[PDB]
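*Asks:* Sending over a structure as structure tokens; questions will come in a sec.
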Ligand SMILES: Nc1nc2c(ncn2[C@@H]2O[C@H](COP(=O)(O)OP(=O)(O)OP(=O)(O)O)[C@@H](O)[C@H]2O)c(=O)[nH]1
Ligand SMILES: Nc1nc2c(ncn2[C@@H]2O[C@H](COP(=O)(O)OP(=O)(O)OP(=O)(O)O)[C@@H](O)[C@H]2O)c(=O)[nH]1
Ligand SMILES: CCOc1ccc(-c2cn(C)nc2-c2cc(OC)c(OC)c(OC)c2)cc1
Ligand SMILES: [Ca+2]
Ligand SMILES: [Mg+2]
Ligand SMILES: [Mg+2]
């Protein structure tokens with residue numbers, strides 16, 4: 075009975091800790107996956123705006139190189 | 001969030017912009033020198049949105065006055081509230097655009113754009129918390145149409161997470177009979193669908209028709225059109241400008257009005273051009299739309315309604331519910347609670363009770379279809395292309411702009427035809 | 001000890017906190033500057049009101065509470081208003097830019113910039129405590145901060161405080177008061193991401209509080225001030241057990257033993273009475289029998305559902321004022337015969353009773369009449385799943401077309417998080433269905 079008394083309280087700690095662990099990790103997974111996703115969105119937005127500039131350089135050369 | 005940075009490009013943008021600044025200065029208790037002569041604390045409480053606080057309690061617009069033609073600088077400065085503007089915020093070019101979008105966007109306007117951006121960067125940096133930008137311009141001209149949609153694009157590179165509003169003035173034969181405005185609008189619309197968060201389609205054909213039919217004027221000036229455009233621009237900013245129990249910023253409006261990121265072209269409305287049930291029926295009536303479309307030819311994805319004046323808020327709640335009940339077919343079933351309503355105590359000057367309407371309706375395709383018809387009339391026989399291909403553009407870019415605007419129409423149709431089950 | 005730290009998140013929370021803390025001060029005879037004349041132990045004490053108020057050496061009674069909002073307008077009114085002296089400046093926390101009705105901005109984008117500061121400020125209150133019991137979290141389901149930042153906070157508190165109890169007072173959205181188009185999305189998103197981390201959650205349907213103010217207080221178009229002053233009386237009835245001495249006072253954790261049969265089934269239906277105007281209450285004394293019978297009239301519920309077309313797993317009656325056991329017992333006996341109260345076959349059908357003697361107060365120039373007795377019923381009914389149903393349908397109508405989902409994806413969320421949340425809600429609806437079924 076004494077070894078069972080310790081087996082219960084050790085288990086109580088184990089699962090309390092496990093809940094903190096898998097909460098702590100699941101939250102880290104989300105905040106990293108999010109930051110990757112948000113920057114992926116803003117990088118593609120800026121890459122489409124940087125592609126517009128290169129097109130406006132082809133238009134400004136087709137005026138110069140058609141005279 | 002609080003501060004908006006205003007930009008007026010071209011002639012139309014500067015005139016409708018000037019009217020906007022006269023009207024909201026009047027409502028906030030501001031005179032052409034820039035002193036608070038009012039009475040209510042409500043006038044000042046969210047003054048920071050559109051004004052900077054210079055020394056000696058001076059209130060100065062956060063506006064950036066731009067055009068490739070001078071003289072527009074003079075008419076704005078000679079006009080009623082010309083004094084109040086900040087002198088370095090004027091950024092004016094030399095030779096003008098001559099109704100050429102390719103000049104405004106790619107060649108001539110591309111030179112001036114950097115010194116415009118400097119005034120933006122100077123104003124934006126001094127904001128406590130910059131929320132976004134608003135552009136007043138036309139899609140028919142050269143500067144506002146072309147250089148405006150470049151500034152949109154360029155401001156998006158340095159402020160990609162800020163809101164980008166536009167009051168885009170859509171062209172019409174009935175008001176202005178230049179032959180290549182259908183080309184300029186369609187080229188602008190190709191930029192607006194990609195680079196703005198919400199665009200108020202202010203339409204000249206709607207403005208002419210309202211001036212003729214409702215307001216009884218036999219042949220109307222640009223002054224008569226802009227009495228409306230100013231009252232509309234006064235209405236949709238009312239919630240940003242004053243307190244109420246709603247907070248109101250550009251993000252929350254944009255979030256709630258824009259179900260899909262391309263479909264952000266609002267159909268404004270105003271009433272009267284009086285009792286609450288009349289007001290309510292007037293603002294949803296097709297005659298009061300500042301875009302040339304019938305709401306009964308599509309469905310409302312989202313609507314925002316702003317009432318101004320002392321009135322029973324219990325009566326307004328009952329009435330807006332009434333029109334949704336009775337006209338249930340003209341709102342989409344798959345977006346619940348998709349019509350919102352704010353009330354401001356302080357009415358506009360002149361009227362005791364006004365009502366302002368903002369609707370993202372699928373019936374806007376009717377406007378884009380009209381511009382597509384006038385465009386495709388010219389383009390399919392290659393008419394007037396030398397103006398543009400001279401300045402360096404490909405024919406490919408006219409096809410892609412034609413295609414992207416027809417996609418926008420097709421998408422507004424997709425969601426009009428969408429059902430719940 | 002047995003201290004209780006209150007966190008108010010976003011406008012709704014903040015504004016309900018103003019109501020709640022104003023009311024608590026009137027109940028304990030605390031002045032707006034924080035002084036308590038009746039408190040003789042200067043600097044500290046082991047009294048029942050000390051569960052919600054710490055004391056300074058100067059004698060200021062300071063709420064054990066934090067106010068957070070991602071924009072300053074709403075908290076700034078606390079900072080300049082009547083009770084500005086009551087709070088230390090560091091209990092009032094703001095950013096500059098809000099979450100814009102976006103769970104994504106409240107949980108991630110704007111939220112991650114202030115989360116550490118908030119937990120640091122909660123921690124400073126926790127270290128004043130000799131025997132912390134847990135947290136009360138006040139927020140809206142609808143708002144970006146109320147949904148997003150709350151969820152973030154709840155997750156982080158589970159890390160820092162382990163299994164230490166966390167109760168919610170959630171404001172369920174309704175179109176009568178302000179609503180946004182995307183509130184169903186925020187509601188499902190926060191309800192999913194908080195469900196593991198909340199021990200008990202009292203939902204408050206704004207429509208229910210709206211209808212009550214219209215019907216019972218004769219208020220034509222109720223304001224937030226009207227709704228919050230009613231809400232705070234219900235909040236006070238639940239927390240009264242923690243704040244007052246009492247022979248026949250049952251503690252709120254003891255009711256929770258009965259109210260929560262499984263961990264996910266932690267959503268009690270609050271029902272309060274009497275809500276009555278000064279005009280109608282004149283020469284009209286409402287007995288224990290009358291107010292107890294009103295608890296089963298569903299027009300007095302904090303959440304719109306029909307308990308009569310569901311099944312009970314728990315019934316608790318929290319009386320305050322001039323009440324004694326005898327009358328309560330008579331009143332319950334009356335109800336058992338005349339009313340539609342079916343329990344599940346696995347629960348015992350008793351009603352658990354508590355009584356505080358400290359009679360219920362009202363805010364001066366309020367709409368509620370001062371009454372000699374009052375009662376808040378907390379029941380665990382399967383009917384409350386109807387609130388999840390109405391909200392889940394609205395979610396489904398928009399999500400079918402992906403309406404507005406780009407605002408969330410833009411700020412870093414995936415489509416997976418929507419379906420994950422919605423399937424959790426589908427499970428929760430099925431759990432509330434399964435518990436009602438009879439055994440074999
Ligand atoms: N409603 C309204 N429309 C206007 C006004 N002024 C010009 N427009 C319209 O604007 C279109 C032409 O654009 P403008 O703004 O005049 O030209 P711009 O953008 O300055 O370009 P450039 O003149 O080439 O420098 C026409 O269709 C006009 O009907 C005005 O005050 N009100
Ligand atoms: N009962 C009650 N409900 C409120 C109050 N304020 C807001 N709400 C409700 O809360 C929801 C909106 O969320 P808010 O709490 O205002 O927003 P927030 O948490 O500040 O989030 P953001 O402003 O988006 O950062 C809507 O359902 C409103 O009806 C209040 O004082 N009382
Ligand atoms: C159909 C959905 O439309 C909505 C919902 C909400 C809002 C909104 C939310 N807040 C906090 N503020 C606004 C708001 C509302 C307005 O008109 C009713 C405004 O005037 C145009 C406004 O100014 C930008 C903000 C908006 C639309
Ligand atoms: Ca003491
Ligand atoms: Mg010009
Ligand atoms: Mg807020």
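Chains as they are written, first to last, in PDB author numbering: chain E, 75 to 141; chain D, 1 to 273, 284 to 431; chain C, 1 to 440.
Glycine included, C-beta positions come from ideal geometry on N, C-alpha and C.
Report back the beta-carbon spacing between residue 315 of chain D and residue 293 of chain D to the nearest angstrom; my notes put them in contact at under 8 Å.
*Replies:* Yes, residue 315 of chain D and residue 293 of chain D are in contact; Cβ-Cβ is about 7 Å, under 8 Å.
*Asks:* Alpha carbons only, please: which of D:303, D:242 and D:336 is nearest the one belonging to residue 41 of chain D?
*Replies:* It is D:242.
*Asks:* Helix, strand or coil: how does DSSP classify residue 303 of chain C here?
*Replies:* In the structure shown, residue 303 of chain C sits in coil (DSSP, three-state: anything other than H, G, I, E or B).
*Asks:* Since residue 245 of chain D meets chain C, which of its residues come closer than 9 Å, beta carbon to beta carbon?
*Replies:* Within 9 Å Cβ-Cβ: 178, 223 and 224.
*Asks:* Where does the unbroken beta strand (DSSP E) through residue 315 of chain C begin, and where does it stop?
*Replies:* Start and end: 312-321.
*Asks:* Could you list the residues in the stretch 249-265 of chain D with a C-beta less than 8 Å from some C-beta on chain C, going in chain order?
*Replies:* Residues passing the 8 Å Cβ filter: 249, 251, 252, 255, 256, 258, 259, 260 and 261.
*Asks:* Ignore the nearest five residues each way along the sequence and tell me which others in residue 260 of chain C's own chain have a CB closer than 8 Å to its CB.
*Replies:* So the list reads 199, 200, 266 and 380, once near-sequence residues are dropped.
*Asks:* Consult DSSP for residue 213 of chain D and reduce its assignment to one of helix, strand or coil.
*Replies:* It is helical.
*Asks:* Check whether the Cβ of residue 10 of chain C sits closer than 8 Å to any heavy atom of ligand 1, and report yes or no.
*Replies:* For ligand 1, not one heavy atom lies less than 8 Å from the Cβ of residue 10 of chain C.
*Asks:* For residue 68 of chain D versus residue 97 of chain D, is the C-beta spacing smaller than 9 Å?
*Replies:* Cβ atoms of residue 68 of chain D and residue 97 of chain D: closer than 9 Å.
*Asks:* Take residue 176 of chain D and list the residues in its own chain whose beta-carbon comes closer than 8 Å to its own, dropping the five residues that flank it on each side.
*Replies:* So the list reads 140 and 204, once near-sequence residues are dropped.
*Asks:* Can you list, in chain order, the residues of its chain with a C-beta nearer than 7 Å to that of residue 19 of chain C? Leave out the 5 residues immediately preceding and following it.
*Replies:* Here the set comprises 228, 229, 231 and 232.
*Asks:* Per the DSSP calculation, residue 272 of chain C is bridged to which residue(s)?
*Replies:* Looking at the DSSP assignment, residue 272 of chain C forms a beta bridge with C:376.
*Asks:* Rounded to whole angstroms, what's the CA-CA distance from residue 130 of chain E to residue 140 of chain E? Just pull it up for me.
*Replies:* Answer to the nearest angstrom: the Cα atoms are 16 Å apart.
*Asks:* In chain order, which alpha helix (DSSP H) runs of at least 4 residues are fully inside the stretch 90-174 of chain D?
*Replies:* Listed in chain order, they are 101-105, 108-125 and 148-158.
*Asks:* If you follow the beta strand (DSSP E) that residue 254 of chain C is in, where does it begin and where does it stop?
*Replies:* Here residue 254 of chain C belongs to no beta strand (DSSP E); instead the alpha helix (DSSP H) covers 252-259.
*Asks:* Measure the beta-carbon distance from residue 81 of chain D to residue 32 of chain D and round it to whole angstroms, keeping in mind my assumption that it falls under 8 Å.
*Replies:* Sure, about 5 Å apart at Cβ, within 8 Å.
*Asks:* Cβ closer than 7 Å: which chain D residues qualify as neighbours of residue 126 of chain E?
*Replies:* Correct list: 153.
*Asks:* Measuring only the C-alpha atoms, how far is residue 192 of chain C from residue 424 of chain C?
*Replies:* Looking at the two C-alpha atoms, the distance is approximately 6 Å.
*Asks:* Is it right to say residue 75 of chain D is buried, meaning 16 or more other beta carbons lie within 10 angstroms of its own, or is it exposed?
*Replies:* Residue 75 of chain D should be labelled exposed.
*Asks:* I need the boundaries of the beta strand (DSSP E) containing residue 166 of chain C, first residue and last residue.
*Replies:* Looking at the DSSP string, the run of the beta strand (DSSP E) that includes residue 166 of chain C is 165-172.
*Asks:* Give me the chain E residues within the contact set of residue 305 of chain D, using Cβ-Cβ distance strictly less than 7 Å, ordered along the chain.
*Replies:* Neighbours of residue 305 of chain D on chain E: none; closest Cβ ~33 Å, over 7 Å.
*Asks:* Can a CB atom of chain D be found closer than 9 Å to the CB of residue 417 of chain C?
*Replies:* Output row for residue 417 of chain C: interface = no.
*Asks:* Count the other CB atoms, across all protein chains shown, that sit within 10 Å of the CB of residue 424 of chain D; report buried if there are 16 or more and exposed otherwise.
*Replies:* Exposed: under 16 other Cβ atoms inside 10 Å.
*Asks:* For the stretch 102-133 of chain D, list every residue whose C-beta sits within 9 Å of some C-beta in chain E, in sequence order.
*Replies:* Under the 9 Å Cβ criterion, the stretch 102-133 of chain D contributes 102, 105, 106, 107 and 110.
*Asks:* Determine, for residue 78 of chain C, whether the minimum Cβ-Cβ distance to residues of chain D falls below 9 Å.
*Replies:* So no, residue 78 of chain C is outside the interface.
*Asks:* Can you name the residues of chain C whose CB is closer than 7 Å to the CB of residue 428 of chain D?
*Replies:* Simply 401.
*Asks:* If you measure beta-carbon to beta-carbon, which residues of the stretch 99-124 of chain E are closer than 9 Å to chain D?
*Replies:* Per Cβ criterion, the list reads 116, 119, 120, 122, 123 and 124.
*Asks:* Taking the alpha carbon of residue 170 of chain C as the point to measure from, which residue in C:315, C:195, C:396 and C:40 has its own alpha carbon closest?
*Replies:* Answer by Cα proximity: C:195.
*Asks:* Kindly list the residues whose CB is nearer than 8 Å to the CB of residue 305 of chain D, restricted to its own chain and excluding five residues on each side of it in sequence; keep chain order.
*Replies:* 267, 294, 296, 299, 340, 369, 371 and 373.
*Asks:* Please list, following the chain, all residues that have a C-beta closer than 5 Å to any non-hydrogen atom of ligand 5.
*Replies:* Those residues are D:11 and D:69, given in chain order.
*Asks:* Let me see if you follow: with CB-CB separation under 9 Å, is residue 358 of chain D close to chain E or not?
*Replies:* No, residue 358 of chain D lies away from the interface with chain E (no Cβ there is under 9 Å from its Cβ).
*Asks:* Could you check what DSSP says for residue 310 of chain D in three-state terms: helix, strand or coil?
*Replies:* Of the three classes helix, strand and coil, the one that applies to residue 310 of chain D here is strand, per DSSP.
*Asks:* Kindly provide the ranges of any alpha helix (DSSP H) runs that are 4 or more residues long and lie completely inside the stretch 88-139 of chain C, ordered along the chain.
*Replies:* List check, alpha helix (DSSP H) in window: 115-126.
*Asks:* Should residue 102 of chain C be flagged as near chain D, meaning a C-beta pair shorter than 9 Å?
*Replies:* Yes, residue 102 of chain C lies at the interface with chain D (some Cβ there is under 9 Å from its Cβ).
*Asks:* Spell out the partners DSSP gives residue 354 of chain C in its beta bridges.
*Replies:* Note: residue 354 of chain C sits in a beta bridge opposite C:318.
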